[PDB]
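Before any questions on how it binds or moves, here is one chain, the form deposited in one PDB entry, in structure tokens.
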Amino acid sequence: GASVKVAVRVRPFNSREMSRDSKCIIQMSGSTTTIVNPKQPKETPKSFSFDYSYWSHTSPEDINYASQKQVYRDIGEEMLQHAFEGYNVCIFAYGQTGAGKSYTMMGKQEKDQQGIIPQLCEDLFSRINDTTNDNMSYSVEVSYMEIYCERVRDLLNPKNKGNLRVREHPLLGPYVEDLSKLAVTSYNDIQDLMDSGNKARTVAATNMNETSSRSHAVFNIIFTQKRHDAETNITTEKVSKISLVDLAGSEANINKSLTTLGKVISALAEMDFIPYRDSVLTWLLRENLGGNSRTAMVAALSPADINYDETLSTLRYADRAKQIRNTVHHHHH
């Protein structure tokens, strides 16, 4: 099996940390991330090694700053190329509330501050429009959903209050019943759906009416490749499912999916039964976590001393995911 690739990324201090005069307890070198314990400075700092340790604590003027472009060119680009090979792929952002999950996955729409999802979509349509072999034609379908307190809402159709039911097809696996699946033929169109979708996510008074720290957003693309050949006249089809996930803060019930995800990751790392069905998230993502898919985790980290316990926990869960291996033959030309 192909190992689930893992990257961790530390962001600059935020308003909260600055108001408390937080010092940085995170260091990076190569693919290694080290964390210092602010309360017990007498211990030896704990180090963790990953596929990538992104230092984004400073600002783009730094030669060592890990940009949106590097984060995408490393893992995003790799997954898209796998989609083109015909493999199902998944990228999920994990981490404590405010560590930088949405920035990494969505980013902002200016200043080349766009995250993994916008860059991958753009890259996808660019590659498709660069095609010169008329025997190839493409189809791109998108779906966008939110999972909040186990409830699933269609973000591309906030015009229906149905809490869509997650089901298990008798033969083809889990799916969200009646979740809208829209055909898109340009990056501009997909971006427009992404934008309105982002506008439909649940907010929380508790988060100063900002998007609720407890909702999960799953962005799916169904990429179909059709290859003709004037001959026998059969068109062959290659279908890849791209799942881009932005999880709720790691710190019918509020934290079921996240706690269950932790258990699934731990169990998989150990095994190499798994409670996939214990939550809607782990259920829908069953094949991406141990199944037929190329998967990657990007763990967001706060650099502040005040978030030590939470950051250590994220690093430890990212270390375990690194141990997961999914289960995913041509002729010499």
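Counting begins at 1, following the sequence as shown. Superpose the two forms; the largest set of C-alphas matching within 1.5 Å is the rigid core.
What follows is about the form deposited in another entry, which we do not show.
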Legend entry - Position with Cα shift of 2 Å or more, rigid core superposed between the shown form and the other one, options 236, 129, 209, 81: 209
Inset, instruction - Using a rigid core alignment, state whether the CA of residue 262 is displaced by 2 Å or more between the shown form and the other one. - result: yes
Inset, instruction - Would you say whether residue 307 is displaced between the shown form and the other one, judging by a C-alpha shift of 2 Å or more on the superposed rigid core? - result: no
Legend entry - residue 51 C-alpha shift between the shown form and the other one of 2 Å or more, rigid core reference: no
Legend entry - Residue pair residue 205, residue 17 - Cα distance in the other form, closer or farther (3 Å or more): farther
Inset, instruction - Work out whether the Cα atoms of residue 290 and residue 86 come closer together or move farther apart in the other form than they are in this form, the change being 3 angstroms or more. - result: closer
